[PDB]
Amino acid sequence: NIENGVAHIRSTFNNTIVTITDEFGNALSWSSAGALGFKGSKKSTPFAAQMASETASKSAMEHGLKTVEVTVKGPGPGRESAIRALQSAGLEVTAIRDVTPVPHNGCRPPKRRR
Amino acid sequence: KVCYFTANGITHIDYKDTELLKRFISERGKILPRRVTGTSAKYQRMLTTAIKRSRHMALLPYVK
Amino acid sequence: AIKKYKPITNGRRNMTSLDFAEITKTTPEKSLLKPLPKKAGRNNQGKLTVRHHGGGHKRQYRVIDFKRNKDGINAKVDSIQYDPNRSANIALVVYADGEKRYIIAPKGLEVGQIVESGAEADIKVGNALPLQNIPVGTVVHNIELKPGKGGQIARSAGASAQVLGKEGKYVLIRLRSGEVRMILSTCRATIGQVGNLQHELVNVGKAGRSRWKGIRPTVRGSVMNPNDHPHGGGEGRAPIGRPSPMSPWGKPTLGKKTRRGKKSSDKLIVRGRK
Amino acid sequence: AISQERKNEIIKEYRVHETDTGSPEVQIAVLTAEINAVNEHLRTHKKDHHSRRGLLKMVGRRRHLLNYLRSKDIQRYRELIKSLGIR
Amino acid sequence: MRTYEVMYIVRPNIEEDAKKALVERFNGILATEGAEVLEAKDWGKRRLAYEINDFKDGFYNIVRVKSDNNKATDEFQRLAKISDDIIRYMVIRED
RNA sequence: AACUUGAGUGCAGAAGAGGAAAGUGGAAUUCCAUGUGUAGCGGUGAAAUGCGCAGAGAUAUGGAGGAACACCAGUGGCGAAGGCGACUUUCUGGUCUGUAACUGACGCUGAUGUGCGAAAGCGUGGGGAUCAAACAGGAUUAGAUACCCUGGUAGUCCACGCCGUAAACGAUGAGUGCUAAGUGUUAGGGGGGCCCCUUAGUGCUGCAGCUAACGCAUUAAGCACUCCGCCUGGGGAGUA
């Protein structure tokens with residue numbers, strides 16, 4: 001394409017899955033922190049998210065991407081480093097919307113640890 | 001602070017009055033706590049009912 | 001409802017019967033009754049083809065309107081009656097200008113309710129109208145499969161299909177088994193579930209009461225001789241000594257799918273059950 | 001339960017004198033209509049246990065008012081017991 | 001005695017000739033069985049706060065009725081459910 | 001025989017997730033079908049089982065089904081208690097305020113009795129998304145039939161019945177009256193947005209007084225009167 005390809009970032013307490021798709025929800029490329037050789041307790045780190053984002057960002061430029069919408073889904077440590085890893089590659093981040101699903105109840109949350 | 005339902009004298013909040021309700025729904029349609037809006041306990045209840053009626057009739061967003 | 005007999009006899013301990021309270025007239029009509037001479041499993045040659053079928057109480061056939069096609073003329077329910085040839089009850093209906101005919105009794109159809117066939121009909125229990133005009137989500141019984149043939153699908157006590165959606169010339173319908181399928185839109189149904197919803201909860205009790213509906217005893221194959229059945233023979237009681245339970249005529253019986261392939265209905269079954 | 005207009009005709013029917021609302025002939029009669037109304041409600045909503053509890057309090061109030069009336073004068077007790085259908 | 005306000009939404013793609021055919025008939029049941037409809041207002045094609053059956057807009061009609069039978073409003077909701085033109089309705093007892 | 005203050009009724013008002021039935025919604029989870037998509041996903045303290053390469057995870061659209069109702073939401077409200085939170089309608093219970101129109105003690109408590117009664121459990125018939133006793137593994141340990149992880153059955157949901165137990169607790173029976181205050185909040189009333197007075201709830205400090213102490217203190221565990229239930233060292237034993 002030319003531009004307007006949204007990027008979905010899944011930052012959790014584990015690896016950060018970063019995927020770059022077009023505006024109509026068609027995946028171009030993707031790169032998680034686990035696909036970069038990162039071991040556990042490395043996967044959920046700001047450093048790993050930095051390479052995780054730009055690794056998929058370079059694959060986007062081959063299709064000619066000049067506009068990204070950052071849709072972040074998850075409460076993970078590697079969120080902000082991921083977004084600054086997209087501007088550092090020159091992807092012209094327009095919007096920062098959080099899409100972490102919030103149930104209006106209606107499901108039994110899995111039991112917590114002990 | 002002042003209630004706006006006692007100050008101006010409104011004794012019946014109408015769910016068709018979307019403009020009046022949009023002052024208490026914040027940025028998501030989320031009902032604002034009465035501490036933030038300063039409406040009394042008596043009117044926080046009939047305002048919540050009006051808001052929920054408007055949401056069902058698509059006069060106010062559930063989320064935004 | 002179900003009446004539980006008191007254990008006055010052993011052969012009658014756990015027996016149960018239908019209270020027959022929804023029925024209102026206990027006698028048929030001379031002009032909508034034709035003869036049914038029991039055949040008992042025998043064919044055009046005279047040989048037993050289906051088994052476990054024999055003597056039973058006589059029964060008169062009651063002509064039913066499965067093809068509800070009197071379109072426009074209204075009809076009054078005169079009496080809900082008992083039918084011996086089916087699980088559900090039948091209801092006499094008198095049409096607004098003189099003719100009378102039987103139908104299948106829906107769940108809460110009451111005496112004196114009005115029913116209408118047609119295409120401009122309302123969506124109420126009993127009225128029959130084509131599947132192009134039946135809203136998505138309605139319980140329907142007596143569903144046709146072919147335009148004008150007559151209801152075939154869903155006709156036994158407690159049978160109900162749900163119109164679930166559309167395609168082009170076919171409507172999607174979830175039949176009682178759990179199968180979703182498609183039926184041509186120009187075919188008729190009838191709004192509502194069929195009555196006698198408690199027919200499935202009855203207990204028979206007596207051997208003879210099962211031997212009054214025309215059932216005959218069925219012998220377990222594990223006691224016939226080797227020349228009578230695959231499971232037969234053995235000195236003593238024996239397990240099934242084969243890789244699979246078998247049928248009298250030599251064909252696997254616990255799992256083998258016996259639906260002819262290459263049928264002209266395969267393009268119409270979406271998901272299946274049973 | 002019973003509407004206010006419905007209650008008034010019961011008041012007028014069994015009032016001892018004019019402007020009487022508290023005599024144990026109108027109170028008993030009003031409760032009888034009220035009791036039958038909740039009884040009719042519970043024919044459909046059988047498991048309305050919370051409403052049924054208020055019915056038992058009304059029955060007790062009428063029973064105590066009937067005991068008081070009988071202990072005061074038996075004539076008015078006999079007239080009230082037959083008009084209302086109370087056994 | 002009892003006063004009801006009925007608001008229903010009609011799909012925004014209805015044919016204009018059919019709109020008066022539907023609004024007429026549906027205020028028709030609201031005047032049956034002792035119902036004496038007082039107001040019958042049109043609110044116009046407003047924007048819905050969210051998509052309803054893949055619709056972004058819709059016609060709003062508000063009808064106020066008064067009757068001590070309540071079966072007029074029940075008959076409305078029974079037919080409003082069946083009709084594919086009405087996509088949302090709500091009956092409020094107003095006192 | 002007489003009387004209204006007790007108790008009830010009448011009239012004018014008030015608030016409420018009080019209960020039952022039937023409908024209508026939005027978010028989310030799961031599964032299914034496709035489009036894009038490529039080598040991981042997931043999880044831990046580290047793992048691994050596990051799901052993937054037969055295309056998983058992710059992403060977009062659509063569909064099916066079940067369950068619960070974010071924000072409002074609070075020492076907030078209602079109910080005798082258990083308990084009751086999406087919205088609408090229909091039936092329906094209780095409570096509070098004011099008035100003083102009516103009856104003139106019609107009241108309290110209450111053995112036996114008769115009903116209601118969280119979860120779990122049972123029967124019948126449905127339903128089954130999520131979470132899951134038990135069960136399977138994978139780990140940690142010296143061992144781990146446990147905490148951790150991966151799944152997973154009954155159950156969790158509905159309709160009828162049955163069960164009748166909970167740290168069912170304010171660990172505080174019900175009714176009535178009296179006895180310093182201060183300051184809140186909920187629902188009303190009357191006077192001169194503010195102030196004063198007042199009724200009923202719900203809170204926090206705090207006098208007298210009580211207590212072994214902790215503490216209670218006008219919502220007593222103080223001062224009095226009526227009625228019921230219960231206790232008489234610990235085990236054996238809530239067992240015969």
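All chains are named by letter (A, B, ...) in the order of the sequence lines, taking the proteins before the strands, and each is independently numbered beginning at 1.
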> Using a 4.0 Å heavy-atom cut-off, write out nucleotides 101-111 of chain F from 5' to 3' as B (base contacted by protein), S (sugar-phosphate only) or - (no contact).
BBSSSBS----
> Any chance the bases of neighbours F/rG79 and F/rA80 are stacked, by the 5.5 Å centre and 30° plane criterion?
no
> Determine whether neighbouring nucleotides F/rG138 and F/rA139 are base-stacked, defined as six-membered ring centroids separated by less than 5.5 Å with an interplanar angle below 30°.
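Base stacking between F/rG138 and F/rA139: present.
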> Assign A/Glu23 to base, sugar-phosphate, or nothing according to its heavy-atom contacts below 4.0 angstrom with the strands shown.
nothing
> Check whether the six-membered base rings of F/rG164 and F/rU165 have centres under 5.5 Å apart and planes under 30 degrees, and report yes or no.
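No, unstacked.
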> Tell me what A/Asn15 touches on the nucleic acid: a base, only sugar-phosphate, or nothing, going by heavy atoms under 4.0 Å.
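Sugar-phosphate contact only.
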> Do E/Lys66 and E/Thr3 meet the criterion of a side-chain donor-acceptor pair at a distance under 3.5 Å?
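Indeed, the side chains of E/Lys66 and E/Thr3 share at least one donor-acceptor pair under 3.5 Å.
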> Using a cut-off of strictly less than 4.0 Å, decide whether A/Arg112 has a side-chain nitrogen or oxygen near OP1 or OP2 of F/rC148.
no
> Less than 4.0 angstrom from a charged side-chain N to a carboxylate O is my criterion; do E/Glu75 and E/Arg78 meet it?
yes
> Base, backbone or nothing for each nucleotide of nucleotides 88-93 of chain F, written B, S, -, heavy atoms under 4.0 angstrom, 5' to 3'?
SSSBSS
> Could you tell me whether F/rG65 and F/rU29 make a Watson-Crick or G-U wobble pair, using a cut-off of under 3.5 Å for both distances?
no
> Using a 4.0 Å heavy-atom cut-off across all strands, classify B/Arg28 as base, sugar-phosphate, or nothing.
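Here B/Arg28 touches no strand at all.
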> Send over the distance from C/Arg181 CZ to F/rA64 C1', rounded to a whole Å.
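Atom CZ in C/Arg181 sits about 20 Å away from atom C1' in F/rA64.
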> Taking only the side-chain nitrogens and oxygens of A/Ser41, find out if one of them lies under 4.0 Å from OP1 or OP2 of F/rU44.
no
> Give one of base, sugar-phosphate or nothing for B/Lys52, where a contact means two heavy atoms less than 4.0 Å apart.
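It contacts base atoms.
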> When we call it a touch if two heavy atoms are under 4.0 Å apart, what does A/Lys43 touch: a base, just sugar-phosphate, or nothing?
base
> Determine, with a yes or no, whether F/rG45 stacks on F/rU44 under the 5.5 Å centre and 30 degree plane limits.
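Stacking does not hold for this pair.
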> Identify whether any heavy atom of D/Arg15 sits under 4.0 Å from a base atom; if not, whether one sits that close to sugar-phosphate; answer base, sugar-phosphate or nothing.
nothing
> Whether A/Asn14 contacts F/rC41 is assessed here as follows: a side-chain N or O lying under 4.0 Å from the phosphate OP1 or OP2. Is that the case?
no
> Could you check whether the six-membered base rings of F/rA212 and F/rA213, which sit next to each other in the strand, have centres less than 5.5 Å apart and planes tilted by under 30 degrees?
yes
> Quantify the bending of the helix from F/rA181-F/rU205 to F/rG192-F/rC194 as the angle between its end axes, each fitted on five pairs, to 10°.
10°
> Nearest-Å distance, NZ (D/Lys47) to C1' (F/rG115)?
16 Å
> Given the rule in the side-chain hydrogen bond (donor to acceptor under 3.5 Å, both in side chains) test, do E/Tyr8 and E/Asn27 qualify, once you have shown the distances and angles that lead to the verdict?
CA-CA 11 Å; E/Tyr8 53 98; E/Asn27 315 329; 2.7 Å; yes
> In whole Å, what is the span from the CZ atom of B/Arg55 to the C1' atom of F/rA27?
10 Å
> Can you tell me whether the side chain of B/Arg35 and the base of F/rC72 have a donor-acceptor pair closer than 3.5 Å?
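Between F/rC72 and B/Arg35, which were checked side chain against base, a qualifying N/O pair under 3.5 Å is absent.
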> Under 4.0 Å, heavy atoms only, any strand: does A/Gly40 hit a base, just the sugar-phosphate, or nothing?
base
